[PDB]
>>> print(open('model27.cif').read())   # mmCIF, N, CA and C atoms
data_target
loop_
_atom_site.group_PDB
_atom_site.id
_atom_site.type_symbol
_atom_site.label_atom_id
_atom_site.label_comp_id
_atom_site.auth_asym_id
_atom_site.auth_seq_id
_atom_site.Cartn_x
_atom_site.Cartn_y
_atom_site.Cartn_z
ATOM 1 N N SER R 1 47.320 -114.799 -134.717
ATOM 2 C CA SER R 1 47.921 -115.990 -135.299
ATOM 3 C C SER R 1 47.015 -117.184 -135.031
ATOM 4 N N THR R 2 46.681 -117.923 -136.093
ATOM 5 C CA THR R 2 45.704 -119.002 -135.988
ATOM 6 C C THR R 2 46.293 -120.230 -135.300
ATOM 7 N N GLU R 3 47.562 -120.542 -135.590
ATOM 8 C CA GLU R 3 48.221 -121.699 -134.985
ATOM 9 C C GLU R 3 48.388 -121.523 -133.480
ATOM 10 N N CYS R 4 48.741 -120.308 -133.047
ATOM 11 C CA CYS R 4 48.842 -120.020 -131.622
ATOM 12 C C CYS R 4 47.492 -120.115 -130.929
ATOM 13 N N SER R 5 46.413 -119.701 -131.598
ATOM 14 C CA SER R 5 45.076 -119.869 -131.032
ATOM 15 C C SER R 5 44.708 -121.344 -130.907
ATOM 16 N N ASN R 6 45.096 -122.151 -131.900
ATOM 17 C CA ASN R 6 44.805 -123.582 -131.866
ATOM 18 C C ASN R 6 45.549 -124.287 -130.736
ATOM 19 N N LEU R 7 46.807 -123.911 -130.482
ATOM 20 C CA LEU R 7 47.493 -124.492 -129.329
ATOM 21 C C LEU R 7 47.143 -123.815 -128.008
ATOM 22 N N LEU R 8 46.570 -122.610 -128.036
ATOM 23 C CA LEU R 8 46.055 -121.993 -126.820
ATOM 24 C C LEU R 8 44.735 -122.613 -126.392
ATOM 25 N N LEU R 9 44.003 -123.216 -127.331
ATOM 26 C CA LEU R 9 42.777 -123.932 -126.989
ATOM 27 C C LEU R 9 43.028 -125.159 -126.116
ATOM 28 N N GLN R 10 44.245 -125.708 -126.126
ATOM 29 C CA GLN R 10 44.557 -126.912 -125.365
ATOM 30 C C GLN R 10 44.836 -126.645 -123.892
ATOM 31 N N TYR R 11 44.887 -125.388 -123.465
ATOM 32 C CA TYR R 11 45.234 -125.057 -122.090
ATOM 33 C C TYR R 11 44.022 -124.928 -121.177
ATOM 34 N N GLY R 12 42.820 -125.141 -121.689
ATOM 35 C CA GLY R 12 41.641 -125.212 -120.841
ATOM 36 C C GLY R 12 40.966 -123.866 -120.680
ATOM 37 N N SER R 13 40.601 -123.540 -119.442
ATOM 38 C CA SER R 13 39.786 -122.367 -119.158
ATOM 39 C C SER R 13 40.510 -121.393 -118.241
ATOM 40 N N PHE R 14 41.776 -121.100 -118.542
ATOM 41 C CA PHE R 14 42.505 -120.111 -117.756
ATOM 42 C C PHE R 14 42.006 -118.698 -118.042
ATOM 43 N N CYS R 15 41.812 -118.361 -119.317
ATOM 44 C CA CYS R 15 41.410 -117.000 -119.654
ATOM 45 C C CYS R 15 39.959 -116.703 -119.314
ATOM 46 N N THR R 16 39.108 -117.727 -119.208
ATOM 47 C CA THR R 16 37.747 -117.492 -118.739
ATOM 48 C C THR R 16 37.744 -117.004 -117.293
ATOM 49 N N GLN R 17 38.566 -117.605 -116.431
ATOM 50 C CA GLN R 17 38.584 -117.160 -115.043
ATOM 51 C C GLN R 17 39.432 -115.905 -114.847
ATOM 52 N N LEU R 18 40.429 -115.654 -115.708
ATOM 53 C CA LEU R 18 41.081 -114.340 -115.704
ATOM 54 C C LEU R 18 40.119 -113.219 -116.101
ATOM 55 N N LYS R 19 39.306 -113.447 -117.140
ATOM 56 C CA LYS R 19 38.285 -112.478 -117.530
ATOM 57 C C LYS R 19 37.243 -112.296 -116.435
ATOM 58 N N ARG R 20 36.866 -113.388 -115.762
ATOM 59 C CA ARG R 20 35.908 -113.309 -114.663
ATOM 60 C C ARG R 20 36.460 -112.511 -113.488
ATOM 61 N N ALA R 21 37.747 -112.691 -113.173
ATOM 62 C CA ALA R 21 38.377 -111.934 -112.093
ATOM 63 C C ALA R 21 38.441 -110.445 -112.417
ATOM 64 N N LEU R 22 38.837 -110.107 -113.650
ATOM 65 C CA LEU R 22 38.911 -108.698 -114.035
ATOM 66 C C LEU R 22 37.530 -108.052 -114.114
ATOM 67 N N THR R 23 36.513 -108.805 -114.550
ATOM 68 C CA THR R 23 35.145 -108.295 -114.563
ATOM 69 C C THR R 23 34.617 -108.074 -113.149
ATOM 70 N N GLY R 24 34.961 -108.969 -112.217
ATOM 71 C CA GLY R 24 34.574 -108.771 -110.829
ATOM 72 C C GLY R 24 35.208 -107.540 -110.208
ATOM 73 N N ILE R 25 36.486 -107.292 -110.522
ATOM 74 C CA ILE R 25 37.154 -106.071 -110.063
ATOM 75 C C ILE R 25 36.487 -104.830 -110.658
ATOM 76 N N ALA R 26 36.118 -104.897 -111.945
ATOM 77 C CA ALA R 26 35.477 -103.766 -112.615
ATOM 78 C C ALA R 26 34.103 -103.448 -112.027
ATOM 79 N N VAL R 27 33.311 -104.471 -111.702
ATOM 80 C CA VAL R 27 32.023 -104.231 -111.050
ATOM 81 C C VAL R 27 32.231 -103.706 -109.628
ATOM 82 N N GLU R 28 33.267 -104.211 -108.944
ATOM 83 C CA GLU R 28 33.565 -103.811 -107.572
ATOM 84 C C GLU R 28 33.945 -102.338 -107.461
ATOM 85 N N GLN R 29 34.643 -101.790 -108.464
ATOM 86 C CA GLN R 29 35.009 -100.368 -108.422
ATOM 87 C C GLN R 29 33.781 -99.456 -108.484
ATOM 88 N N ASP R 30 32.831 -99.770 -109.372
ATOM 89 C CA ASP R 30 31.590 -99.005 -109.457
ATOM 90 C C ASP R 30 30.757 -99.159 -108.193
ATOM 91 N N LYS R 31 30.768 -100.359 -107.601
ATOM 92 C CA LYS R 31 30.088 -100.573 -106.326
ATOM 93 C C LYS R 31 30.705 -99.731 -105.212
ATOM 94 N N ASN R 32 32.039 -99.614 -105.202
ATOM 95 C CA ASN R 32 32.734 -98.799 -104.206
ATOM 96 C C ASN R 32 32.361 -97.327 -104.331
ATOM 97 N N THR R 33 32.360 -96.811 -105.565
ATOM 98 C CA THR R 33 31.999 -95.411 -105.793
ATOM 99 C C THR R 33 30.540 -95.141 -105.422
ATOM 100 N N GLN R 34 29.644 -96.080 -105.749
ATOM 101 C CA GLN R 34 28.227 -95.923 -105.428
ATOM 102 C C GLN R 34 27.975 -95.969 -103.923
ATOM 103 N N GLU R 35 28.700 -96.823 -103.193
ATOM 104 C CA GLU R 35 28.508 -96.871 -101.746
ATOM 105 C C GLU R 35 29.130 -95.673 -101.042
ATOM 106 N N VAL R 36 30.196 -95.094 -101.597
ATOM 107 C CA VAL R 36 30.786 -93.925 -100.952
ATOM 108 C C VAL R 36 29.939 -92.680 -101.193
ATOM 109 N N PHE R 37 29.636 -92.370 -102.455
ATOM 110 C CA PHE R 37 29.071 -91.054 -102.738
ATOM 111 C C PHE R 37 27.546 -91.025 -102.730
ATOM 112 N N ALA R 38 26.888 -92.057 -103.253
ATOM 113 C CA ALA R 38 25.430 -92.046 -103.386
ATOM 114 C C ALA R 38 24.779 -92.512 -102.084
ATOM 115 N N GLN R 39 24.862 -91.643 -101.078
ATOM 116 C CA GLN R 39 24.296 -91.910 -99.764
ATOM 117 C C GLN R 39 23.047 -91.094 -99.476
ATOM 118 N N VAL R 40 22.672 -90.176 -100.362
ATOM 119 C CA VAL R 40 21.541 -89.285 -100.143
ATOM 120 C C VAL R 40 20.495 -89.558 -101.219
ATOM 121 N N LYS R 41 19.227 -89.610 -100.803
ATOM 122 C CA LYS R 41 18.153 -89.968 -101.723
ATOM 123 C C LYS R 41 17.773 -88.825 -102.657
ATOM 124 N N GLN R 42 17.819 -87.582 -102.187
ATOM 125 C CA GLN R 42 17.376 -86.441 -102.972
ATOM 126 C C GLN R 42 18.530 -85.474 -103.205
ATOM 127 N N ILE R 43 18.350 -84.597 -104.186
ATOM 128 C CA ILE R 43 19.377 -83.634 -104.578
ATOM 129 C C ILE R 43 18.956 -82.287 -103.999
ATOM 130 N N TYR R 44 19.472 -81.970 -102.816
ATOM 131 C CA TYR R 44 19.173 -80.699 -102.176
ATOM 132 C C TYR R 44 19.953 -79.568 -102.836
ATOM 133 N N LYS R 45 19.412 -78.357 -102.726
ATOM 134 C CA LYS R 45 20.023 -77.175 -103.313
ATOM 135 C C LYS R 45 20.108 -76.061 -102.280
ATOM 136 N N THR R 46 21.139 -75.235 -102.419
ATOM 137 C CA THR R 46 21.322 -74.057 -101.585
ATOM 138 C C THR R 46 20.365 -72.950 -102.032
ATOM 139 N N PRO R 47 19.750 -72.232 -101.094
ATOM 140 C CA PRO R 47 18.943 -71.056 -101.455
ATOM 141 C C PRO R 47 19.808 -69.954 -102.043
ATOM 142 N N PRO R 48 19.228 -69.067 -102.863
ATOM 143 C CA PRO R 48 20.023 -67.971 -103.449
ATOM 144 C C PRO R 48 20.569 -66.978 -102.434
ATOM 145 N N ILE R 49 19.975 -66.879 -101.245
ATOM 146 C CA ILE R 49 20.582 -66.097 -100.177
ATOM 147 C C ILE R 49 21.781 -66.857 -99.622
ATOM 148 N N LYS R 50 22.900 -66.157 -99.468
ATOM 149 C CA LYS R 50 24.163 -66.775 -99.086
ATOM 150 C C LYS R 50 24.643 -66.261 -97.735
ATOM 151 N N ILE B 1 53.629 -137.109 -119.160
ATOM 152 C CA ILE B 1 53.180 -137.096 -117.772
ATOM 153 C C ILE B 1 53.685 -135.852 -117.052
ATOM 154 N N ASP B 2 54.917 -135.417 -117.342
ATOM 155 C CA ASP B 2 55.443 -134.188 -116.751
ATOM 156 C C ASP B 2 54.667 -132.960 -117.217
ATOM 157 N N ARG B 3 54.279 -132.929 -118.500
ATOM 158 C CA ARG B 3 53.450 -131.828 -119.001
ATOM 159 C C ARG B 3 52.088 -131.781 -118.307
ATOM 160 N N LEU B 4 51.444 -132.947 -118.154
ATOM 161 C CA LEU B 4 50.151 -133.009 -117.469
ATOM 162 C C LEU B 4 50.271 -132.634 -115.993
ATOM 163 N N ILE B 5 51.372 -133.043 -115.352
ATOM 164 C CA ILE B 5 51.614 -132.738 -113.943
ATOM 165 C C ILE B 5 51.766 -131.237 -113.743
ATOM 166 N N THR B 6 52.529 -130.582 -114.630
ATOM 167 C CA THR B 6 52.719 -129.136 -114.533
ATOM 168 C C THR B 6 51.412 -128.378 -114.757
ATOM 169 N N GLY B 7 50.598 -128.823 -115.724
ATOM 170 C CA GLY B 7 49.318 -128.164 -115.961
ATOM 171 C C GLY B 7 48.349 -128.285 -114.796
ATOM 172 N N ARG B 8 48.216 -129.497 -114.245
ATOM 173 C CA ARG B 8 47.300 -129.699 -113.125
ATOM 174 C C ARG B 8 47.797 -129.024 -111.848
ATOM 175 N N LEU B 9 49.120 -128.960 -111.657
ATOM 176 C CA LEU B 9 49.689 -128.234 -110.526
ATOM 177 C C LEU B 9 49.408 -126.738 -110.624
ATOM 178 N N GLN B 10 49.515 -126.173 -111.834
ATOM 179 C CA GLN B 10 49.197 -124.759 -112.033
ATOM 180 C C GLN B 10 47.724 -124.471 -111.762
ATOM 181 N N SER B 11 46.836 -125.373 -112.201
ATOM 182 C CA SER B 11 45.403 -125.205 -111.945
ATOM 183 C C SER B 11 45.083 -125.244 -110.451
ATOM 184 N N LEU B 12 45.701 -126.182 -109.723
ATOM 185 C CA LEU B 12 45.462 -126.293 -108.286
ATOM 186 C C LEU B 12 45.999 -125.079 -107.527
ATOM 187 N N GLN B 13 47.168 -124.566 -107.934
ATOM 188 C CA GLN B 13 47.727 -123.375 -107.295
ATOM 189 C C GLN B 13 46.859 -122.145 -107.539
ATOM 190 N N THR B 14 46.308 -122.016 -108.754
ATOM 191 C CA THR B 14 45.386 -120.921 -109.053
ATOM 192 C C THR B 14 44.135 -120.989 -108.181
ATOM 193 N N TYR B 15 43.576 -122.198 -108.015
ATOM 194 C CA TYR B 15 42.394 -122.377 -107.168
ATOM 195 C C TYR B 15 42.675 -122.004 -105.715
ATOM 196 N N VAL B 16 43.847 -122.392 -105.202
ATOM 197 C CA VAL B 16 44.202 -122.081 -103.818
ATOM 198 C C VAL B 16 44.393 -120.574 -103.624
ATOM 199 N N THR B 17 44.956 -119.886 -104.629
ATOM 200 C CA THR B 17 45.131 -118.433 -104.532
ATOM 201 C C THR B 17 43.793 -117.686 -104.491
ATOM 202 N N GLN B 18 42.847 -118.054 -105.373
ATOM 203 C CA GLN B 18 41.524 -117.421 -105.299
ATOM 204 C C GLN B 18 40.789 -117.766 -104.007
ATOM 205 N N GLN B 19 40.978 -118.984 -103.483
ATOM 206 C CA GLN B 19 40.368 -119.344 -102.204
ATOM 207 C C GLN B 19 40.924 -118.505 -101.059
ATOM 208 N N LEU B 20 42.228 -118.206 -101.091
ATOM 209 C CA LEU B 20 42.835 -117.372 -100.052
ATOM 210 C C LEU B 20 42.306 -115.940 -100.093
ATOM 211 N N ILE B 21 42.164 -115.372 -101.296
ATOM 212 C CA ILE B 21 41.653 -114.001 -101.406
ATOM 213 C C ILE B 21 40.183 -113.921 -100.973
ATOM 214 N N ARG B 22 39.370 -114.909 -101.373
ATOM 215 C CA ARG B 22 37.980 -114.952 -100.925
ATOM 216 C C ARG B 22 37.867 -115.182 -99.421
ATOM 217 N N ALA B 23 38.802 -115.938 -98.832
ATOM 218 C CA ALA B 23 38.811 -116.131 -97.386
ATOM 219 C C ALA B 23 39.113 -114.833 -96.652
ATOM 220 N N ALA B 24 40.020 -114.016 -97.201
ATOM 221 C CA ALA B 24 40.296 -112.706 -96.608
ATOM 222 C C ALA B 24 39.067 -111.799 -96.649
ATOM 223 N N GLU B 25 38.352 -111.796 -97.781
ATOM 224 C CA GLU B 25 37.135 -110.987 -97.895
ATOM 225 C C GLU B 25 36.040 -111.461 -96.932
ATOM 226 N N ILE B 26 35.866 -112.782 -96.814
ATOM 227 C CA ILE B 26 34.859 -113.347 -95.918
ATOM 228 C C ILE B 26 35.215 -113.071 -94.457
ATOM 229 N N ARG B 27 36.513 -113.082 -94.123
ATOM 230 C CA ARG B 27 36.939 -112.753 -92.763
ATOM 231 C C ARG B 27 36.669 -111.292 -92.423
ATOM 232 N N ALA B 28 36.874 -110.383 -93.384
ATOM 233 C CA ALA B 28 36.530 -108.978 -93.153
ATOM 234 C C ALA B 28 35.028 -108.793 -92.940
ATOM 235 N N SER B 29 34.209 -109.498 -93.729
ATOM 236 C CA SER B 29 32.758 -109.415 -93.554
ATOM 237 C C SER B 29 32.310 -110.011 -92.220
ATOM 238 N N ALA B 30 32.975 -111.078 -91.769
ATOM 239 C CA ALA B 30 32.653 -111.672 -90.475
ATOM 240 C C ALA B 30 33.072 -110.775 -89.318
ATOM 241 N N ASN B 31 34.189 -110.052 -89.463
ATOM 242 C CA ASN B 31 34.576 -109.063 -88.458
ATOM 243 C C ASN B 31 33.551 -107.939 -88.366
ATOM 244 N N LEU B 32 33.046 -107.482 -89.520
ATOM 245 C CA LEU B 32 31.987 -106.472 -89.527
ATOM 246 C C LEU B 32 30.706 -106.986 -88.874
ATOM 247 N N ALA B 33 30.343 -108.245 -89.144
ATOM 248 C CA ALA B 33 29.143 -108.827 -88.547
ATOM 249 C C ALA B 33 29.287 -109.000 -87.038
ATOM 250 N N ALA B 34 30.486 -109.364 -86.570
ATOM 251 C CA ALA B 34 30.729 -109.473 -85.134
ATOM 252 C C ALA B 34 30.661 -108.113 -84.449
ATOM 253 N N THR B 35 31.200 -107.073 -85.097
ATOM 254 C CA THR B 35 31.108 -105.720 -84.551
ATOM 255 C C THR B 35 29.661 -105.236 -84.491
ATOM 256 N N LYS B 36 28.868 -105.537 -85.526
ATOM 257 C CA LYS B 36 27.454 -105.171 -85.504
ATOM 258 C C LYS B 36 26.668 -105.966 -84.470
ATOM 259 N N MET B 37 27.051 -107.216 -84.208
ATOM 260 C CA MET B 37 26.389 -107.972 -83.150
ATOM 261 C C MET B 37 26.740 -107.413 -81.774
ATOM 262 N N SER B 38 27.986 -106.967 -81.593
ATOM 263 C CA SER B 38 28.387 -106.396 -80.309
ATOM 264 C C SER B 38 27.740 -105.036 -80.062
ATOM 265 N N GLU B 39 27.610 -104.207 -81.097
ATOM 266 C CA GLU B 39 27.146 -102.841 -80.872
ATOM 267 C C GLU B 39 25.651 -102.657 -81.115
ATOM 268 N N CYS B 40 25.100 -103.265 -82.168
ATOM 269 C CA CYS B 40 23.677 -103.133 -82.464
ATOM 270 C C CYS B 40 22.809 -103.920 -81.488
ATOM 271 N N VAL B 41 23.179 -105.163 -81.196
ATOM 272 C CA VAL B 41 22.307 -106.066 -80.447
ATOM 273 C C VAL B 41 22.544 -105.957 -78.948
ATOM 274 N N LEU B 42 23.803 -106.024 -78.519
ATOM 275 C CA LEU B 42 24.128 -105.996 -77.098
ATOM 276 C C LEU B 42 24.049 -104.600 -76.493
ATOM 277 N N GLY B 43 23.898 -103.561 -77.309
ATOM 278 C CA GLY B 43 23.773 -102.209 -76.805
ATOM 279 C C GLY B 43 22.985 -101.307 -77.730
ATOM 280 N N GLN B 44 23.107 -99.996 -77.542
ATOM 281 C CA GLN B 44 22.453 -99.009 -78.389
ATOM 282 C C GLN B 44 23.515 -98.109 -79.002
ATOM 283 N N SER B 45 23.457 -97.937 -80.317
ATOM 284 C CA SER B 45 24.509 -97.262 -81.062
ATOM 285 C C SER B 45 24.110 -95.829 -81.383
ATOM 286 N N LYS B 46 25.058 -94.909 -81.213
ATOM 287 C CA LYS B 46 24.882 -93.514 -81.588
ATOM 288 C C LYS B 46 25.547 -93.180 -82.916
ATOM 289 N N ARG B 47 26.051 -94.182 -83.630
ATOM 290 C CA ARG B 47 26.725 -93.953 -84.900
ATOM 291 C C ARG B 47 25.704 -93.863 -86.026
ATOM 292 N N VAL B 48 25.829 -92.823 -86.853
ATOM 293 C CA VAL B 48 24.856 -92.566 -87.909
ATOM 294 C C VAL B 48 25.062 -93.558 -89.044
ATOM 295 N N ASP B 49 23.951 -94.145 -89.521
ATOM 296 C CA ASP B 49 23.826 -95.135 -90.599
ATOM 297 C C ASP B 49 24.428 -96.493 -90.240
ATOM 298 N N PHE B 50 25.002 -96.604 -89.048
ATOM 299 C CA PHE B 50 25.355 -97.880 -88.459
ATOM 300 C C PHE B 50 24.144 -98.352 -87.669
#
>>> encode(input="model27.cif", output="structure tokens")
Amino acid sequence: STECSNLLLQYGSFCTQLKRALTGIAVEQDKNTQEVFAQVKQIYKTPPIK
Amino acid sequence: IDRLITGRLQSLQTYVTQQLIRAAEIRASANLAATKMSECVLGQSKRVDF
């Protein structure tokens, strides 16, 4: 709706900082997974003898 | 004036809420730094990757 967008423009920058907060959470989740699992530099393999 | 007061009050409350969450994160990082100063510097650590 165009009229609602025009009156939503008068409320300032609330959605910019809501988008910034959600983007920070989204980057933080990938950072959490990378710090937990990617702790080894090389990909070691088991020998065929078991 | 009441409309402007409500808008500016909402903006200030939003700022205080993000400041509180960032203060909690900074306090956790400072606790980690204090633990690393106690264990890394004042002694010798046997903890792996610490």
>>> axis_aligned_box(input="model27.cif", around="segment 9-26 of chain R", padding_each_side="4 Å", output="AutoDock Vina command-line options")
--center_x 39.7 --center_y -115.2 --center_z -118.7 --size_x 19.1 --size_y 31.5 --size_z 25.3
>>> atom_distance(input="model27.cif", atom1="atom C of residue 10 of chain R", atom2="atom N of residue 9 of chain B")
13.2 Å
>>> atom_distance(input="model27.cif", atom1="atom C of residue 12 of chain B", atom2="atom C of residue 25 of chain B")
19.9 Å
>>> atom_distance(input="model27.cif", atom1="atom CA of residue 14 of chain B", atom2="atom N of residue 16 of chain R")
12.4 Å
>>> select_by_dssp(input="model27.cif", residues="chain R", states="alpha helix (DSSP H)", output="MDAnalysis selection string")
chainID R and resid 2:8 14:37
>>> interface_residues(input="model27.cif", of="chain R", to="chain B", cutoff="10 Å", atoms="only C-alpha atoms", output="PyMOL selection string")
chain R and resi 11-14+17+21+39
